[PDB]
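Chemist: One structure is given below, represented as structure tokens, and several questions about it will come after.
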Amino acid sequence: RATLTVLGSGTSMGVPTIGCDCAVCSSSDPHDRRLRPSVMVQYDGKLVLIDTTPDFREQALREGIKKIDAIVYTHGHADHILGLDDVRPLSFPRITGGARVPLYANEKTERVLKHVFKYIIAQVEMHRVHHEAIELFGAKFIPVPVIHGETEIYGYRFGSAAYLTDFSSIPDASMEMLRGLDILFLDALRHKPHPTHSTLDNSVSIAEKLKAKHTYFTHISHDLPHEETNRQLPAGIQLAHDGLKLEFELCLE
Amino acid sequence: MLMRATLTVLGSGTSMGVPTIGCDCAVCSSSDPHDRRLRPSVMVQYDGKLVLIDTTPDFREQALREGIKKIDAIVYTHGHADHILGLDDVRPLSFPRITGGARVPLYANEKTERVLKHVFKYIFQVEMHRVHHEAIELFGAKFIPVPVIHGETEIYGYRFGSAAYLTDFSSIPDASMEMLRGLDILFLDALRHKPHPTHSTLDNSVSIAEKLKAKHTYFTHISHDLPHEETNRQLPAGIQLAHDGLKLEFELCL
Ligand SMILES: [Mn+2]
Ligand SMILES: [Mn+2]
Ligand SMILES: [Mn+2]
Ligand SMILES: [Mn+2]
Ligand SMILES: [Zn+2]
Ligand SMILES: [Zn+2]
């Protein structure tokens, strides 16, 4: 029924990181090339975007996105929001219908979006996300609280899939919201500790507790070579890559 | 102390770039590489130094493309989004490891500074320097601010040695026209064919070009209204649309 597409699998500065001479930043492996982190979900002629990274224009062009039905935000950090400016051409009435391009965010994220963009017609409209499910064209997108260093942000569960980026930990109550998945995306930044993200080993431990059929890591930095890392991971656990497409089930009402 | 300098076009396109997302017109569908245009920016290299003019939302791609490993100074024309949003992506070049210890200096007029500090309040690695009408002394070279009018807002272009870079203008004051004579290289805004409230048309910028008589004039900030090769085939000798990746040699005192 539904399709998830990885628009970017990379960390906040992407892979390569500008100015870096490390082997991964010079890789001949295309999978080591990673735009900033975002996915899109398509179902029933609809397109739902999670986060608008600074690479949004390139992401949209290379996937031939010509219309967006809804945008949902995990949080307000620059690698997740700075592409909102480039969404504008698709918010024009000729494309929209119609009509509207709804943006869903919690109060913190909304405040950030307003500060960053209300100084610098494009009809977007802000909708508030609370802990209750978001109703999008028949589907329910359930906000899943996760801890991003100190700050609580959201990942999202939708049908048999879930997407959780930018976390250092996941509270027990949220772990219980993530059982029985077909597809699971988790933050996995690198091996060395980072206060607001999760290590590869940490995220493997999490994956082994949640037991999704397939688990994919994202927000990946230059510390994780794609091939080297994947041949060390368990059977149902892998690093995502840019362009990865996955099919799954989702119930519409 | 005249030395060889190189100007590189990092992006030759308008604010939404070429192609425009969602558009299926002839130019957006073009397979001519020069019809692919990132947001507008150039860099200037001389004496082992690199000076960047504007930080577009495409800055990461532009830097990777050109193998930029260090930025010695950044100079801003104005504060519109297509000229500033890439500052976030300047951060990995601003750490002591790469810089050598000093912050990356940014140069901007007061209105542009105001917008940068507001938008990138989380950033303020980098240090702000105020530009007025006096020349900017950068590593021996002088970058002269050239006032231009962007609708009704005054912004800056810059002249440096025998080159000048002027984007996002609808008009150029007389006093500024007088600053722009005898160039080897001149960049001018040319958005599209039809008059626009804040930009210059192809025809208008050709008229300006023929008044200023630079050896070579290049147009930038180009929209999908202008096919690259077909337009260049029709322009006067010495006048052409720029393209992403264009490199030009010129001279610079000190
Ligand atoms: Mn992030
Ligand atoms: Mn974050
Ligand atoms: Mn512009
Ligand atoms: Mn402008
Ligand atoms: Zn690296
Ligand atoms: Zn077009």
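Going by the structure tokens order, chains are called A, B, ..., each with residues numbered from 1, while ligands are numbered from 1 in the order shown.
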Residues up to 6 Å from ligand 3, counting only C-alpha atoms and all ligand atoms: could you list those as a list in words?
Modeler: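 Taking only C-alpha atoms and all ligand atoms into account, the residues around ligand 3 at most 6 Å away are residues 15, 82 and 168 of chain B.
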Chemist: Which residues of chain B come within 12 Å of ligand 4, and what is each one's closest atom pair and distance in Å (one decimal), counting only C-alpha atoms and all ligand atoms, sorted by chain and residue number, as JSON lines?
Modeler:
```
{"residue": "B:14", "atom": "CA", "partner": "ligand 4", "partner_atom_place_in_ligand_line": "1 (Mn)", "distance": 9.2}
{"residue": "B:15", "atom": "CA", "partner": "ligand 4", "partner_atom_place_in_ligand_line": "1 (Mn)", "distance": 7.9}
{"residue": "B:16", "atom": "CA", "partner": "ligand 4", "partner_atom_place_in_ligand_line": "1 (Mn)", "distance": 11.5}
{"residue": "B:39", "atom": "CA", "partner": "ligand 4", "partner_atom_place_in_ligand_line": "1 (Mn)", "distance": 11.1}
{"residue": "B:40", "atom": "CA", "partner": "ligand 4", "partner_atom_place_in_ligand_line": "1 (Mn)", "distance": 10.0}
{"residue": "B:54", "atom": "CA", "partner": "ligand 4", "partner_atom_place_in_ligand_line": "1 (Mn)", "distance": 11.1}
{"residue": "B:56", "atom": "CA", "partner": "ligand 4", "partner_atom_place_in_ligand_line": "1 (Mn)", "distance": 11.4}
{"residue": "B:76", "atom": "CA", "partner": "ligand 4", "partner_atom_place_in_ligand_line": "1 (Mn)", "distance": 11.2}
{"residue": "B:77", "atom": "CA", "partner": "ligand 4", "partner_atom_place_in_ligand_line": "1 (Mn)", "distance": 8.6}
{"residue": "B:78", "atom": "CA", "partner": "ligand 4", "partner_atom_place_in_ligand_line": "1 (Mn)", "distance": 6.8}
{"residue": "B:79", "atom": "CA", "partner": "ligand 4", "partner_atom_place_in_ligand_line": "1 (Mn)", "distance": 7.2}
{"residue": "B:80", "atom": "CA", "partner": "ligand 4", "partner_atom_place_in_ligand_line": "1 (Mn)", "distance": 5.0}
{"residue": "B:81", "atom": "CA", "partner": "ligand 4", "partner_atom_place_in_ligand_line": "1 (Mn)", "distance": 7.7}
{"residue": "B:82", "atom": "CA", "partner": "ligand 4", "partner_atom_place_in_ligand_line": "1 (Mn)", "distance": 7.3}
{"residue": "B:83", "atom": "CA", "partner": "ligand 4", "partner_atom_place_in_ligand_line": "1 (Mn)", "distance": 7.4}
{"residue": "B:84", "atom": "CA", "partner": "ligand 4", "partner_atom_place_in_ligand_line": "1 (Mn)", "distance": 10.2}
{"residue": "B:112", "atom": "CA", "partner": "ligand 4", "partner_atom_place_in_ligand_line": "1 (Mn)", "distance": 11.0}
{"residue": "B:148", "atom": "CA", "partner": "ligand 4", "partner_atom_place_in_ligand_line": "1 (Mn)", "distance": 11.4}
{"residue": "B:149", "atom": "CA", "partner": "ligand 4", "partner_atom_place_in_ligand_line": "1 (Mn)", "distance": 10.3}
{"residue": "B:150", "atom": "CA", "partner": "ligand 4", "partner_atom_place_in_ligand_line": "1 (Mn)", "distance": 6.9}
{"residue": "B:151", "atom": "CA", "partner": "ligand 4", "partner_atom_place_in_ligand_line": "1 (Mn)", "distance": 9.1}
{"residue": "B:152", "atom": "CA", "partner": "ligand 4", "partner_atom_place_in_ligand_line": "1 (Mn)", "distance": 11.3}
{"residue": "B:153", "atom": "CA", "partner": "ligand 4", "partner_atom_place_in_ligand_line": "1 (Mn)", "distance": 9.5}
{"residue": "B:154", "atom": "CA", "partner": "ligand 4", "partner_atom_place_in_ligand_line": "1 (Mn)", "distance": 10.6}
{"residue": "B:155", "atom": "CA", "partner": "ligand 4", "partner_atom_place_in_ligand_line": "1 (Mn)", "distance": 8.8}
{"residue": "B:156", "atom": "CA", "partner": "ligand 4", "partner_atom_place_in_ligand_line": "1 (Mn)", "distance": 10.7}
{"residue": "B:157", "atom": "CA", "partner": "ligand 4", "partner_atom_place_in_ligand_line": "1 (Mn)", "distance": 11.6}
{"residue": "B:166", "atom": "CA", "partner": "ligand 4", "partner_atom_place_in_ligand_line": "1 (Mn)", "distance": 11.3}
{"residue": "B:167", "atom": "CA", "partner": "ligand 4", "partner_atom_place_in_ligand_line": "1 (Mn)", "distance": 8.0}
{"residue": "B:168", "atom": "CA", "partner": "ligand 4", "partner_atom_place_in_ligand_line": "1 (Mn)", "distance": 5.1}
{"residue": "B:169", "atom": "CA", "partner": "ligand 4", "partner_atom_place_in_ligand_line": "1 (Mn)", "distance": 7.9}
{"residue": "B:170", "atom": "CA", "partner": "ligand 4", "partner_atom_place_in_ligand_line": "1 (Mn)", "distance": 10.2}
{"residue": "B:189", "atom": "CA", "partner": "ligand 4", "partner_atom_place_in_ligand_line": "1 (Mn)", "distance": 10.4}
{"residue": "B:191", "atom": "CA", "partner": "ligand 4", "partner_atom_place_in_ligand_line": "1 (Mn)", "distance": 11.3}
{"residue": "B:197", "atom": "CA", "partner": "ligand 4", "partner_atom_place_in_ligand_line": "1 (Mn)", "distance": 11.1}
{"residue": "B:198", "atom": "CA", "partner": "ligand 4", "partner_atom_place_in_ligand_line": "1 (Mn)", "distance": 7.6}
{"residue": "B:199", "atom": "CA", "partner": "ligand 4", "partner_atom_place_in_ligand_line": "1 (Mn)", "distance": 8.2}
{"residue": "B:200", "atom": "CA", "partner": "ligand 4", "partner_atom_place_in_ligand_line": "1 (Mn)", "distance": 11.6}
{"residue": "B:221", "atom": "CA", "partner": "ligand 4", "partner_atom_place_in_ligand_line": "1 (Mn)", "distance": 9.5}
```
Chemist: Go ahead and compute the interatomic distance for CA of residue 175 in chain B and CA of residue 217 in chain B, in Å to one decimal.
Modeler: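 Interatomic distance here is 19.7 Å.
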Chemist: Using only C-alpha atoms, which chain A residues lie at most 7 Å away from chain B, written as a PyMOL selection string?
Modeler: chain A and resi 13+18-19+54+57+61+65-66+86+89-90+116+120
Chemist: Of the candidates A:152, A:132, A:55, A:166, which shows the shortest atom-to-atom distance to residue 194 in chain A, using only C-alpha atoms?
Modeler: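 Comparing A:152, A:132, A:55, A:166 against residue 194 in chain A, the winner is A:166.
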Chemist: For ligand 2, list the contacting residues at 8 Å or closer, counting only C-alpha atoms and all ligand atoms, as a PDB file with N, CA and C atoms, in the first residue's frame.
Modeler:
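Listed below is the output, pocket_13.pdb:
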```pdb
ATOM      1  N   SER A  12      24.055  16.199  10.094  1.00  0.00           N
ATOM      2  CA  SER A  12      23.639  17.597   9.930  1.00  0.00           C
ATOM      3  C   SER A  12      24.489  18.332   8.896  1.00  0.00           C
ATOM      4  N   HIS A  75      11.619  18.294  14.607  1.00  0.00           N
ATOM      5  CA  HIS A  75      12.082  19.373  15.482  1.00  0.00           C
ATOM      6  C   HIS A  75      12.651  20.522  14.634  1.00  0.00           C
ATOM      7  N   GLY A  76      13.195  21.547  15.280  1.00  0.00           N
ATOM      8  CA  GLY A  76      13.490  22.786  14.586  1.00  0.00           C
ATOM      9  C   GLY A  76      14.939  23.075  14.265  1.00  0.00           C
ATOM     10  N   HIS A  77      15.816  22.092  14.441  1.00  0.00           N
ATOM     11  CA  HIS A  77      17.228  22.285  14.096  1.00  0.00           C
ATOM     12  C   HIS A  77      17.436  22.564  12.616  1.00  0.00           C
ATOM     13  N   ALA A  78      18.451  23.368  12.315  1.00  0.00           N
ATOM     14  CA  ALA A  78      18.683  23.862  10.956  1.00  0.00           C
ATOM     15  C   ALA A  78      18.761  22.761   9.891  1.00  0.00           C
ATOM     16  N   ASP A  79      19.372  21.611  10.191  1.00  0.00           N
ATOM     17  CA  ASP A  79      19.458  20.565   9.171  1.00  0.00           C
ATOM     18  C   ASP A  79      18.084  19.944   8.888  1.00  0.00           C
ATOM     19  N   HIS A  80      17.063  20.339   9.650  1.00  0.00           N
ATOM     20  CA  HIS A  80      15.721  19.792   9.473  1.00  0.00           C
ATOM     21  C   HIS A  80      14.709  20.793   8.949  1.00  0.00           C
ATOM     22  N   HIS A 148      16.318  14.252  22.711  1.00  0.00           N
ATOM     23  CA  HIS A 148      17.389  14.779  21.869  1.00  0.00           C
ATOM     24  C   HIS A 148      18.333  15.571  22.766  1.00  0.00           C
ATOM     25  N   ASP A 166      17.536  11.897  15.413  1.00  0.00           N
ATOM     26  CA  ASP A 166      17.978  12.882  16.399  1.00  0.00           C
ATOM     27  C   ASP A 166      17.550  12.571  17.826  1.00  0.00           C
ATOM     28  N   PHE A 167      17.937  11.404  18.328  1.00  0.00           N
ATOM     29  CA  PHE A 167      17.683  11.098  19.721  1.00  0.00           C
ATOM     30  C   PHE A 167      18.962  10.615  20.395  1.00  0.00           C
ATOM     31  N   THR A 196      23.751  14.322  21.942  1.00  0.00           N
ATOM     32  CA  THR A 196      22.356  14.444  21.512  1.00  0.00           C
ATOM     33  C   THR A 196      21.951  13.407  20.474  1.00  0.00           C
TER      34      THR A 196
END
```
